[PDB]
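A quick write-up on the structure given underneath.
Quick reminder, even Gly has a Cβ in these numbers, built from the backbone with ideal geometry, and neighbours come from all protein chains shown. Read the figures in this text as sums done on the coordinates, not as results from a lab.
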Amino acid sequence: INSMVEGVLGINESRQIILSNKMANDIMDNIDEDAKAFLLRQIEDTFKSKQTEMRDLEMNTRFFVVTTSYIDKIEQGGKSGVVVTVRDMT
Amino acid sequence: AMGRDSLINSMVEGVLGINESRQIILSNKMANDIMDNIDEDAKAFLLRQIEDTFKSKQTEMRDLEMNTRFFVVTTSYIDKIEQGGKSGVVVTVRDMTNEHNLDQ
């Protein structure tokens, strides 16, 4: 876990997390409710747009670039979803 | 006319999920397109980056040319990518040729 590791989450149509790495777990435990709501909004937009959304989530003293991409194809445990990647730019 | 999306340039990254068995367990259409059109050397470079990520267990970023276009590939390690317990790598591929304006 470093600012050089990206946070990754996979989320299915049911809004269940079906995969995550340590860095995503860490990011989620260390961000506030406003940032979480911003993230949720971006995820919801990606389900709708069905394309890639890329947004800055500027914190106080921290700066993340959040990418969310729509996935139509999942082997087991999902039909569709969104893959979230979070890069700490600071 | 003007609509809700007039100011949006519709961008798409390629996404692949790969388990311990080196099987693709998830993908989007753009990644499918990449894979259907990829040369053998580019495929080996992609595979190599994935292999390096299984080893490093952190995020790798590399430039990859495919059919003259400039891609940036990011690969990140996932300790448990599926419910059965396999680790994996999430691959995201960004088209930088599309980012640029040289085709105008």
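Scanning segment B:20-37 for residues that are over 18 Å from B:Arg94 (Cβ atoms) and free of Cβ contacts under 8 Å to residues at least 12 places away in the same chain returns B:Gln23, B:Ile24, B:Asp36.
Please work out if B:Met66 is over 22 Å from A:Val8 (Cβ atoms) and under 13 Å from the mean Cα position of the chain (by Cα). Answer is yes for this residue. Against the conditions (1) within 12 Å of chain A (Cβ to nearest Cβ); (2) assigned to a loop (DSSP other than H, G, I, E, B), B:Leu26 satisfies every one except (2). Residues that are more than 10 Å from chain A (Cβ to nearest Cβ) and assigned to a loop (DSSP other than H, G, I, E, B) within segment B:48-76 comprise B:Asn67, B:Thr68, listed in sequence order. In segment B:1-18, of all residues being within 9 Å of chain A (Cβ to nearest Cβ) and assigned to a strand (DSSP E or B), the one that is surrounded by the fewest Cβ atoms within 10 Å (Cβ to Cβ) corresponds to B:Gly14.
State whether the residues of segment B:35-44 include one that is in a helix (DSSP H, G or I) and within 11 Å of the chain's Cα centre (by Cα). Yes, that holds for at least one residue. Within segment A:46-72, being of a type in the set (D, E, K, R) and surrounded by 19 or more Cβ atoms within 10 Å (Cβ to Cβ) holds for one residue alone: A:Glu53. Pairs linking a residue in segment A:38-65 that is under 16 Å from A:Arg87 (Cα atoms) to a residue that is of a type in the set (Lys, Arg), with Cβ atoms under 7 Å and 6 or more positions apart or on different chains, are A:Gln42/A:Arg55; A:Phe64/A:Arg87; A:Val65/A:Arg87. For segment A:37-60, a residue qualifies if it is closer than 17 Å to B:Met30 by Cβ and touching an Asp or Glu at 6+ places or on another chain (Cβ under 7 Å), and the qualifying residues are A:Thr46, A:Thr52, A:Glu53.
Screening B:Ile8 with (1) in contact (Cβ under 8 Å) with a residue 60 or more places away in the chain; (2) farther than 22 Å from A:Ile11 by Cα gives one miss only, at (1).
In segment B:85-104, which residues are touching a strand residue (DSSP E or B) at 6+ places or on another chain (Cβ under 7 Å), of a type outside the set (S, T, N, Q) and in a helix (DSSP H, G or I)? Matches in segment B:85-104: B:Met96 only. Output yes when any residue across segment B:77-84 is out of contact with any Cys (no Cβ under 9 Å at 6 or more places or on another chain), part of a strand (DSSP E or B) and either of a type in the set (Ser, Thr, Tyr) or surrounded by 22 or more Cβ atoms within 10 Å (Cβ to Cβ) (or both), and no when none is. Within segment B:77-84 (the criterion being out of contact with any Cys (no Cβ under 9 Å at 6 or more places or on another chain), part of a strand (DSSP E or B) and either of a type in the set (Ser, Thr, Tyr) or surrounded by 22 or more Cβ atoms within 10 Å (Cβ to Cβ) (or both)), the answer is yes, since at least one residue qualifies. For B:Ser87, the conditions (1) over 27 Å from A:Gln76 (Cβ atoms); (2) within 14 Å of chain A (Cβ to nearest Cβ) all hold with the exception of (1). Every condition in (1) under 23 Å from B:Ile18 (Cβ atoms); (2) surrounded by 16 or more Cβ atoms within 10 Å (Cβ to Cβ); (3) within 13 Å of chain B (Cβ to nearest Cβ) is met by A:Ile43 except one, and the failing one is (3). I'm trying to understand the selection: among the residues of segment B:90-104, which are within 14 Å of chain A (Cβ to nearest Cβ) and surrounded by 14 or more Cβ atoms within 10 Å (Cβ to Cβ)? B:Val90, B:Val91, B:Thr92, B:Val93, B:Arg94, B:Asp95, B:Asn98, listed by residue number.
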